[PDB]
$ cat target21.cif   # mmCIF, C-alpha atoms
data_work
loop_
_atom_site.label_atom_id
_atom_site.label_comp_id
_atom_site.auth_asym_id
_atom_site.auth_seq_id
_atom_site.Cartn_x
_atom_site.Cartn_y
_atom_site.Cartn_z
CA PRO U 2 0.90 -8.85 -9.36
CA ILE U 3 -2.17 -7.29 -11.02
CA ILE U 4 -4.63 -4.90 -9.38
CA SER U 5 -8.12 -4.18 -10.72
CA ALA U 6 -11.41 -2.65 -9.57
CA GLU U 7 -13.13 -5.97 -10.39
CA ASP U 8 -10.96 -7.76 -7.81
CA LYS U 9 -13.24 -9.86 -5.61
CA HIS U 10 -10.48 -10.83 -3.19
CA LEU U 11 -9.25 -8.94 -0.11
CA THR U 12 -6.51 -6.34 -0.45
CA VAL U 13 -4.30 -6.15 2.63
CA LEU U 14 -1.77 -3.38 3.25
CA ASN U 15 0.65 -3.83 6.13
CA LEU U 16 2.15 -0.44 6.97
CA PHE U 17 5.20 -0.12 9.21
CA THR U 18 6.98 3.03 10.41
CA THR U 19 10.40 3.10 12.04
CA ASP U 20 13.06 5.61 13.14
CA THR U 21 16.41 4.45 11.68
CA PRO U 22 17.53 3.19 8.27
CA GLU U 23 19.02 0.16 10.06
CA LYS U 24 15.63 -0.86 11.41
CA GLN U 25 14.18 -0.32 7.94
CA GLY U 26 16.69 -2.75 6.44
CA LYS U 27 15.81 -5.22 9.18
CA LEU U 28 12.09 -4.77 8.51
CA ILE U 29 12.67 -5.47 4.82
CA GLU U 30 14.60 -8.64 5.61
CA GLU U 31 12.00 -9.97 8.07
CA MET U 32 9.11 -9.20 5.71
CA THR U 33 10.96 -10.93 2.89
CA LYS U 34 11.52 -14.12 4.92
CA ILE U 35 7.75 -14.32 5.50
CA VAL U 36 6.96 -13.72 1.81
CA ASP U 37 9.48 -16.32 0.64
CA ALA U 38 8.07 -18.97 2.99
CA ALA U 39 4.41 -18.03 2.38
CA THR U 40 2.16 -21.04 1.68
CA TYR U 41 -1.03 -19.94 3.50
CA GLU U 42 -4.27 -21.18 2.03
CA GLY U 43 -5.81 -18.27 0.11
CA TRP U 44 -2.61 -16.19 0.04
CA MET U 45 -2.23 -14.85 -3.49
CA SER U 46 0.73 -12.47 -3.46
CA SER U 47 2.80 -10.00 -1.43
CA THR U 48 4.72 -6.99 -2.72
CA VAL U 49 7.28 -5.46 -0.36
CA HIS U 50 7.95 -1.69 -0.46
CA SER U 51 10.95 0.16 0.99
CA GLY U 52 10.35 3.70 2.29
CA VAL U 53 12.03 6.68 0.54
CA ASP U 54 10.74 9.97 2.03
CA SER U 55 10.84 8.60 5.60
CA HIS U 56 11.80 5.33 7.30
CA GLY U 57 9.29 2.52 7.12
CA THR U 58 7.97 -0.21 4.85
CA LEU U 59 4.73 -1.36 3.23
CA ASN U 60 3.47 -4.78 2.16
CA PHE U 61 0.74 -4.82 -0.49
CA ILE U 62 -0.86 -8.25 -0.08
CA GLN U 63 -3.61 -10.13 -1.94
CA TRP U 64 -5.81 -12.66 -0.12
CA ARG U 65 -8.66 -14.79 -1.52
CA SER U 66 -10.89 -13.92 1.48
CA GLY U 67 -10.86 -12.54 5.04
CA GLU U 68 -11.40 -16.06 6.31
CA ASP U 69 -8.05 -17.10 4.82
CA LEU U 70 -6.34 -14.04 6.31
CA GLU U 71 -7.69 -14.75 9.79
CA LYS U 72 -6.26 -18.28 9.64
CA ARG U 73 -2.88 -16.67 9.16
CA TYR U 74 -3.47 -14.29 12.08
CA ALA U 75 -4.29 -17.32 14.22
CA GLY U 76 -1.00 -19.03 13.34
CA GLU U 77 1.67 -19.36 16.03
CA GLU U 78 4.58 -17.87 14.06
CA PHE U 79 2.56 -14.73 13.42
CA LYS U 80 1.46 -14.36 17.03
CA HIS U 81 4.69 -15.25 18.82
CA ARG U 82 7.46 -14.46 16.35
CA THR U 83 6.27 -12.00 13.73
CA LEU U 84 4.37 -9.43 15.80
CA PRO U 85 6.87 -9.25 18.69
CA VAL U 86 9.86 -9.10 16.28
CA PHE U 87 8.22 -6.38 14.21
CA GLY U 88 7.12 -4.62 17.40
CA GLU U 89 10.76 -4.21 18.42
CA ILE U 90 11.89 -2.49 15.21
CA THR U 91 8.88 -0.25 14.48
CA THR U 92 7.33 2.89 15.90
CA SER U 93 3.95 1.80 14.56
CA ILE U 94 2.16 -1.08 12.84
CA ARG U 95 -1.07 -0.85 10.85
CA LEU U 96 -2.52 -3.92 9.17
CA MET U 97 -5.27 -2.69 6.92
CA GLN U 98 -7.95 -4.67 5.09
CA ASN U 99 -9.38 -3.04 1.97
CA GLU U 100 -11.35 -3.43 -1.19
CA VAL U 101 -10.30 -1.79 -4.43
CA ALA U 102 -12.62 1.13 -5.16
CA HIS U 103 -11.10 2.58 -8.30
CA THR U 104 -8.22 2.28 -10.76
CA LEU U 105 -6.87 4.72 -13.31
CA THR U 106 -3.91 4.38 -15.68
CA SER U 107 -2.12 6.84 -17.91
CA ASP U 108 -3.72 5.09 -20.89
CA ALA U 109 -7.09 3.82 -19.68
CA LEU U 110 -9.85 4.85 -17.31
CA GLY U 111 -10.17 1.81 -15.00
CA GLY U 112 -7.10 0.15 -16.55
CA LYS U 113 -5.40 -2.72 -14.73
CA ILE U 114 -2.41 -1.93 -12.58
CA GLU U 115 0.75 -3.97 -12.20
CA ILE U 116 3.12 -3.76 -9.25
CA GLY U 117 6.60 -5.29 -9.09
CA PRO U 118 10.33 -4.56 -8.63
CA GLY U 119 10.91 -4.69 -12.39
CA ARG U 120 8.77 -1.65 -13.27
CA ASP U 121 10.80 0.88 -11.31
CA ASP U 122 7.58 2.60 -10.25
CA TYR U 123 8.18 5.49 -7.87
CA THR U 124 5.33 4.65 -5.50
CA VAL U 125 3.33 7.21 -3.58
CA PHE U 126 1.10 6.24 -0.64
CA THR U 127 -1.38 8.03 1.65
CA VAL U 128 -3.87 6.65 4.13
CA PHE U 129 -6.57 9.20 5.00
CA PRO U 130 -8.65 8.80 8.13
CA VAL U 131 -12.09 10.14 7.13
CA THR U 132 -15.44 10.82 8.74
CA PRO U 133 -17.85 7.90 8.49
CA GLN U 134 -20.28 10.40 6.98
CA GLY U 135 -17.72 11.48 4.38
CA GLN U 136 -16.13 8.19 3.30
CA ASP U 137 -18.00 7.84 -0.02
CA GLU U 138 -17.25 11.45 -0.80
CA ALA U 139 -13.53 10.84 -0.25
CA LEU U 140 -13.60 7.76 -2.49
CA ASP U 141 -15.40 9.59 -5.27
CA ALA U 142 -13.04 12.57 -5.04
CA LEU U 143 -9.85 10.46 -5.06
CA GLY U 144 -10.93 8.10 -7.82
CA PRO U 145 -13.27 9.47 -10.53
CA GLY U 146 -12.54 12.96 -9.20
CA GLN U 147 -8.92 12.67 -10.34
CA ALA U 148 -9.33 11.52 -13.94
CA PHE U 149 -7.05 14.46 -14.81
CA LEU U 150 -4.08 12.51 -13.42
CA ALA U 151 -3.85 10.40 -16.58
CA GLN U 152 -2.63 13.48 -18.44
CA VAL U 153 -0.10 14.56 -15.80
CA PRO U 154 3.49 14.05 -17.07
CA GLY U 155 5.16 11.04 -15.46
CA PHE U 156 1.96 9.71 -13.97
CA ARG U 157 1.54 5.96 -14.50
CA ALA U 158 -1.37 4.70 -12.39
CA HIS U 159 -3.65 5.26 -9.40
CA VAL U 160 -5.37 2.79 -7.10
CA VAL U 161 -7.99 3.95 -4.58
CA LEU U 162 -8.82 1.58 -1.75
CA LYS U 163 -11.75 1.65 0.66
CA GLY U 164 -10.77 0.68 4.17
CA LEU U 165 -12.85 -2.23 5.53
CA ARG U 166 -11.26 -2.75 8.96
CA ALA U 167 -7.79 -2.59 10.47
CA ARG U 168 -5.50 -3.60 13.31
CA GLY U 169 -3.71 -0.59 14.73
CA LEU U 170 -6.06 1.93 13.12
CA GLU U 171 -9.60 2.82 14.17
CA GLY U 172 -12.42 4.60 12.36
CA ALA U 173 -13.07 4.92 8.64
CA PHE U 174 -10.18 5.26 6.21
CA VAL U 175 -9.34 5.34 2.50
CA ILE U 176 -6.07 4.95 0.67
CA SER U 177 -4.45 6.53 -2.33
CA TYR U 178 -1.74 4.41 -4.02
CA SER U 179 -0.10 5.85 -7.15
CA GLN U 180 2.79 5.03 -9.52
CA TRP U 181 5.13 7.58 -11.14
CA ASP U 182 8.05 7.60 -13.63
CA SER U 183 10.43 8.92 -11.02
CA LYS U 184 10.88 10.78 -7.75
CA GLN U 185 11.41 13.86 -9.93
CA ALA U 186 8.17 13.52 -11.89
CA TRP U 187 6.23 12.98 -8.65
CA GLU U 188 7.66 15.97 -6.79
CA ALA U 189 7.13 18.23 -9.80
CA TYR U 190 3.43 17.36 -9.62
CA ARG U 191 3.24 17.34 -5.82
CA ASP U 192 4.73 20.83 -5.64
CA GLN U 193 2.72 22.58 -8.37
CA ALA U 194 1.81 26.13 -7.36
CA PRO U 195 -1.87 27.19 -7.54
CA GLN U 196 -1.37 28.68 -11.00
CA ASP U 197 -0.14 25.34 -12.34
CA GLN U 198 -2.63 23.02 -10.69
CA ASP U 199 -5.59 21.77 -12.70
CA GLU U 200 -8.88 23.08 -11.25
CA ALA U 201 -10.10 19.48 -11.11
CA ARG U 202 -7.12 18.75 -8.84
CA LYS U 203 -8.10 21.59 -6.49
CA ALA U 204 -11.67 20.30 -6.39
CA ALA U 205 -10.63 16.71 -5.65
CA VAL U 206 -8.23 17.83 -2.94
CA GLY U 207 -10.80 20.23 -1.46
CA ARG U 208 -13.41 17.48 -1.19
CA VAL U 209 -11.00 15.12 0.59
CA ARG U 210 -9.79 17.93 2.86
CA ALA U 211 -13.38 18.53 3.99
CA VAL U 212 -13.79 15.00 5.33
CA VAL U 213 -10.32 14.13 6.67
CA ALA U 214 -10.67 13.23 10.35
CA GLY U 215 -7.14 13.24 11.74
CA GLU U 216 -3.57 13.34 10.44
CA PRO U 217 -3.16 11.42 7.19
CA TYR U 218 -0.02 9.29 6.79
CA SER U 219 1.89 9.58 3.55
CA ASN U 220 5.19 8.16 2.33
CA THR U 221 6.92 7.19 -0.89
CA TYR U 222 8.48 3.82 -1.71
CA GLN U 223 10.56 1.69 -4.01
CA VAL U 224 9.16 -1.79 -4.68
CA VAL U 225 11.92 -4.22 -3.68
CA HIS U 226 10.36 -7.70 -3.67
CA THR U 227 7.29 -9.53 -4.94
CA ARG U 228 6.14 -13.17 -4.89
CA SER U 229 2.89 -15.01 -5.79
CA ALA U 230 1.26 -18.23 -4.54
CA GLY U 231 3.54 -21.19 -5.33
CA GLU U 232 6.07 -19.02 -7.15
CA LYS U 233 9.60 -20.47 -7.07
CA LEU U 234 11.34 -17.29 -5.97
CA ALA U 235 13.23 -16.23 -2.81
CA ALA U 236 15.79 -13.67 -1.55
CA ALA U 237 17.38 -16.45 0.56
CA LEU U 238 17.98 -20.20 0.27
CA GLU U 239 17.00 -21.38 3.75
CA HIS U 240 13.49 -21.39 5.19
CA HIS U 241 13.54 -19.26 8.38
CA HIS U 242 11.02 -20.96 10.70
#
$ encode --input "target21.cif" --output "structure tokens"
Amino acid sequence: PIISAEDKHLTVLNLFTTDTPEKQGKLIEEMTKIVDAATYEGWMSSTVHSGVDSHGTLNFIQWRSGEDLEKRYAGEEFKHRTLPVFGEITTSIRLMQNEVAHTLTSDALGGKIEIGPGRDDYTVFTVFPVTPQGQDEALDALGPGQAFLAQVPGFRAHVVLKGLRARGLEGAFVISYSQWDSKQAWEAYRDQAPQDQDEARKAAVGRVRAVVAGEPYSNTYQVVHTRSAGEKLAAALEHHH
């Protein structure tokens, strides 16, 4: 699926944490059943991520509008099967509605971003709770503030999302979602010492740090499954519900 700052649809990220690799595998399988059967009006695509640094998963989902999303939330499978099943294999659930604030690619300022299991993107994710006063500052710092990323070795792309509203998370929030050549390229950047960090990096980070209002959540992922509206694709033959 394709991500761009001109997106007029709703970007939904469903974030799940868990405490064993067995529950992670189970999460992946349950998410994938829902994706493969997805026919909701307005549903555009889902991209399932499997946690690497720590146990959990992430679904990056595109919806035509919030109205379409709410219809799904009002469905009986979601209410009586999905939530309770997920509840039992997770330590937390955050269903976050966002708009795309900024994109950057290694080759173009504001370039379009593609996500999918075929790219082998090492995917890096952070949700920052921020002060309501400081939200725009955070967005500016993370997006335009980090133009330097495009020249970092192994960096592929960066999406910055503005949090609109969420289930399981209160207050203002923003999200950083980036793609890298490998775990190795990411950690080399992540772990730069002060002497090796760009000063523009220090400035961006310092601006975000000033307005963070609580513990951010970060994790890394492999993309393991993606499907779009009407796409003839599934990890299993039989419909589950």
$ resolve_selection --input "target21.cif" --expression "the PyMOL selection byres ((chain U and resi 119-122) around 7)" --output "list in words"
residues 117, 118, 123, 124, 180, 181, 182, 183 and 223 of chain U
$ write_last_selection --input "target21.cif" --atoms "C-alpha atoms" --output "mmCIF file, in the coordinates of the input"
data_model
loop_
_atom_site.group_PDB
_atom_site.id
_atom_site.type_symbol
_atom_site.label_atom_id
_atom_site.label_comp_id
_atom_site.auth_asym_id
_atom_site.auth_seq_id
_atom_site.Cartn_x
_atom_site.Cartn_y
_atom_site.Cartn_z
ATOM 1 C CA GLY U 117 6.600 -5.290 -9.090
ATOM 2 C CA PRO U 118 10.330 -4.560 -8.630
ATOM 3 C CA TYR U 123 8.180 5.490 -7.870
ATOM 4 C CA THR U 124 5.330 4.650 -5.500
ATOM 5 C CA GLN U 180 2.790 5.030 -9.520
ATOM 6 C CA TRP U 181 5.130 7.580 -11.140
ATOM 7 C CA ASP U 182 8.050 7.600 -13.630
ATOM 8 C CA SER U 183 10.430 8.920 -11.020
ATOM 9 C CA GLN U 223 10.560 1.690 -4.010
#
$ atom_distance --input "target21.cif" --atom1 "atom CA of residue U:78" --atom2 "atom CA of residue U:166"
22.5 Å
$ closest_residue --input "target21.cif" --among "U:96, U:12, U:133, U:197" --to "residue U:167" --atoms "all atoms listed in the file"
U:96
$ atom_distance --input "target21.cif" --atom1 "atom CA of residue U:51" --atom2 "atom CA of residue U:30"
10.6 Å
$ atom_distance --input "target21.cif" --atom1 "atom CA of residue U:20" --atom2 "atom CA of residue U:55"
8.4 Å
$ closest_residue --input "target21.cif" --among "U:112, U:195, U:76, U:26" --to "residue U:49" --atoms "all atoms listed in the file"
U:26
$ closest_residue --input "target21.cif" --among "U:130, U:116, U:192, U:161" --to "residue U:48" --atoms "only C-alpha atoms"
U:116
$ build_atoms --input "target21.cif" --residues "stretch 111-133 of chain U" --atoms "N, CA and C atoms" --output "CSV table (one decimal), in the coordinates of the input"
chain,number,residue,atom,x,y,z
U,111,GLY,N,-9.9,3.1,-15.6
U,111,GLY,CA,-10.2,1.8,-15.0
U,111,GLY,C,-9.2,0.7,-15.5
U,112,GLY,N,-8.1,1.1,-16.0
U,112,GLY,CA,-7.1,0.2,-16.6
U,112,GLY,C,-6.5,-0.7,-15.4
U,113,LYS,N,-6.0,-1.9,-15.8
U,113,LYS,CA,-5.4,-2.7,-14.7
U,113,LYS,C,-4.0,-2.2,-14.4
U,114,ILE,N,-3.6,-2.5,-13.1
U,114,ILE,CA,-2.4,-1.9,-12.6
U,114,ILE,C,-1.5,-3.1,-12.2
U,115,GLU,N,-0.2,-3.0,-12.6
U,115,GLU,CA,0.8,-4.0,-12.2
U,115,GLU,C,1.8,-3.4,-11.2
U,116,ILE,N,2.1,-4.2,-10.2
U,116,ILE,CA,3.1,-3.8,-9.2
U,116,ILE,C,4.2,-4.8,-9.2
U,117,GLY,N,5.5,-4.4,-9.0
U,117,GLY,CA,6.6,-5.3,-9.1
U,117,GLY,C,7.9,-4.6,-9.2
U,118,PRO,N,9.0,-5.2,-8.7
U,118,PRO,CA,10.3,-4.6,-8.6
U,118,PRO,C,10.9,-4.2,-10.0
U,119,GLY,N,10.4,-4.9,-11.0
U,119,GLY,CA,10.9,-4.7,-12.4
U,119,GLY,C,10.4,-3.4,-13.1
U,120,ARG,N,9.4,-2.8,-12.6
U,120,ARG,CA,8.8,-1.6,-13.3
U,120,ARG,C,9.5,-0.4,-12.9
U,121,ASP,N,10.2,-0.4,-11.8
U,121,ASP,CA,10.8,0.9,-11.3
U,121,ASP,C,9.8,2.0,-11.1
U,122,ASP,N,8.6,1.6,-10.6
U,122,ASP,CA,7.6,2.6,-10.2
U,122,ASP,C,8.0,3.3,-9.0
U,123,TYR,N,8.1,4.7,-9.1
U,123,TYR,CA,8.2,5.5,-7.9
U,123,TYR,C,6.8,5.5,-7.3
U,124,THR,N,6.7,5.0,-6.0
U,124,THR,CA,5.3,4.6,-5.5
U,124,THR,C,5.0,5.6,-4.4
U,125,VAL,N,3.8,6.2,-4.5
U,125,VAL,CA,3.3,7.2,-3.6
U,125,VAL,C,2.1,6.8,-2.8
U,126,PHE,N,2.1,6.8,-1.5
U,126,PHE,CA,1.1,6.2,-0.6
U,126,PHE,C,0.6,7.2,0.4
U,127,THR,N,-0.7,7.3,0.6
U,127,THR,CA,-1.4,8.0,1.6
U,127,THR,C,-2.6,7.3,2.2
U,128,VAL,N,-2.7,7.2,3.5
U,128,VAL,CA,-3.9,6.6,4.1
U,128,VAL,C,-4.5,7.8,4.8
U,129,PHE,N,-5.8,8.1,4.4
U,129,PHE,CA,-6.6,9.2,5.0
U,129,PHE,C,-7.6,8.7,6.0
U,130,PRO,N,-7.5,9.1,7.3
U,130,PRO,CA,-8.6,8.8,8.1
U,130,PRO,C,-9.8,9.8,7.7
U,131,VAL,N,-11.0,9.3,7.6
U,131,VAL,CA,-12.1,10.1,7.1
U,131,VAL,C,-13.3,10.0,8.1
U,132,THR,N,-14.2,10.9,8.0
U,132,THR,CA,-15.4,10.8,8.7
U,132,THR,C,-16.2,9.7,8.1
U,133,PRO,N,-17.0,9.0,9.0
U,133,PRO,CA,-17.8,7.9,8.5
U,133,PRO,C,-18.9,8.5,7.5
